[PDB]
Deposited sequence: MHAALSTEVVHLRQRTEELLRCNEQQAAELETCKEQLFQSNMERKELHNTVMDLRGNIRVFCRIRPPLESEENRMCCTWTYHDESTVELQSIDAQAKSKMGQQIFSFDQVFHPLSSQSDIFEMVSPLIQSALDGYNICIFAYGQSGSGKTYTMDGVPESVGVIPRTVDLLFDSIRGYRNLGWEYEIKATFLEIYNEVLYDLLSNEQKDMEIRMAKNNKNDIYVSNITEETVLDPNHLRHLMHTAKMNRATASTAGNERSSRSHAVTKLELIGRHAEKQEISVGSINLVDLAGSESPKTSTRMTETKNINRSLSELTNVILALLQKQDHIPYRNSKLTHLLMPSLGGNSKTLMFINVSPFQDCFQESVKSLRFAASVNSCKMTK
């Protein structure tokens, strides 16, 4: 019995130890693997930005939101992702899939419904920073109501969002003298509201802005209005670099008041009709003019719903998103 037991003890001891060093071996590799994956991710993004710049074409991002717990029984259409920038959608009924069929679109980046509010911002960040270095950055969220425009731009108190993570980046990148001119307005019928037509107030502290913004979001079928938000920056250091971080939140061009229809006519003009562009044919287009044409980095979000009942609309959205990413921004 002694011998036998002895044999076990020895065996298990070697196994325990040989198995222990193996655990360390992996941990070392796991640790290293993360670092490398992290370095790889960082590279792709730097390169993804270099690429989008040299291209010139206004950046277009697709964001596909996940279904809310409420609509737990709401049918979804088939979604295929060919890679980081190409997304396809197919209807539940095959009688439409054969007749024209091939609903595949390719943008600068497609966000899966699992994407977080950070995975989004991390792609917008570069623009926000370039604002300080003297650049006019614009960014809106086209899409049908219920798609995610407001959730992307503003977001929810629980999580966050573009606009407000933007401030945490607008000040952090300052830590040279920087003066900021916050601005809020809205367009229901075709008139401007809030503190404007007239002006704004200056930013003082991150809290003051994080508040000034919350102040505006108050006083808000229901949302067929564009939510713009200007943010002029001032570079002194002591000739004065100036850049604005425009933030627009479109209404929704879903199957129907119709200002968005004039925005598309702009996009089309950004290619053909090089002669007179319908910039001055919409109160929205006018404020977004220094973005669609003039030297300015424009980033648009294309919010879409994964629901079948939204198919026709998703396609209209995706389809319009394609032409926009075709405009070669002068810059």
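- In sequence order, the deposited residues that have no C-alpha coordinates form the ranges 176-181, 204-225, 249-257, 276-278, 297-308.
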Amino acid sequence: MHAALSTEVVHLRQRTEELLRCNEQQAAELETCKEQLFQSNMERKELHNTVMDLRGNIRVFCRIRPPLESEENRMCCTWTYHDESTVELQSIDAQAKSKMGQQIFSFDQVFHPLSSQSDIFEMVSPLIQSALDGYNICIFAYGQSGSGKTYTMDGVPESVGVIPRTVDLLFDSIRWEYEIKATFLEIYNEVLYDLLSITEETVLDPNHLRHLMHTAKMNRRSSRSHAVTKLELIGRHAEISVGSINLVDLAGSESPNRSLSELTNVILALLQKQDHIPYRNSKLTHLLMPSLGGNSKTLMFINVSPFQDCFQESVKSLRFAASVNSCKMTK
From here on, numbers count along this sequence of modelled residues.
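- Looking at mean Cα B-factors across 95-103 and 228-236, the upper value is held by 228-236.
- Stretches 85-93 and 205-213 differ in mean CA B factor, with 205-213 having the higher one.
- Based on the entry's C-alpha B-factors, the most elevated value among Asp249, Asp172, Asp119, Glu71 belongs to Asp172.
- When the C-alpha B factors of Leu299, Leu271, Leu54, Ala27 are read from the deposited coordinates, the top value falls at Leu271.
- Sort the chain's modelled residues by C-alpha temperature factor and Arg220 lands in the highest third, per the entry.
- When the modelled residues of the chain are ordered by their C-alpha B factor, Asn265 lands in the highest third.
- Annotation for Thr50: CA B-factor lies in the lowest third of the chain's modelled residues.
- Per-chain ranking of the deposited C-alpha B factor places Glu200 in the highest third.
- Per-chain ranking of the deposited C-alpha B factor places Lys149 in the lowest third.
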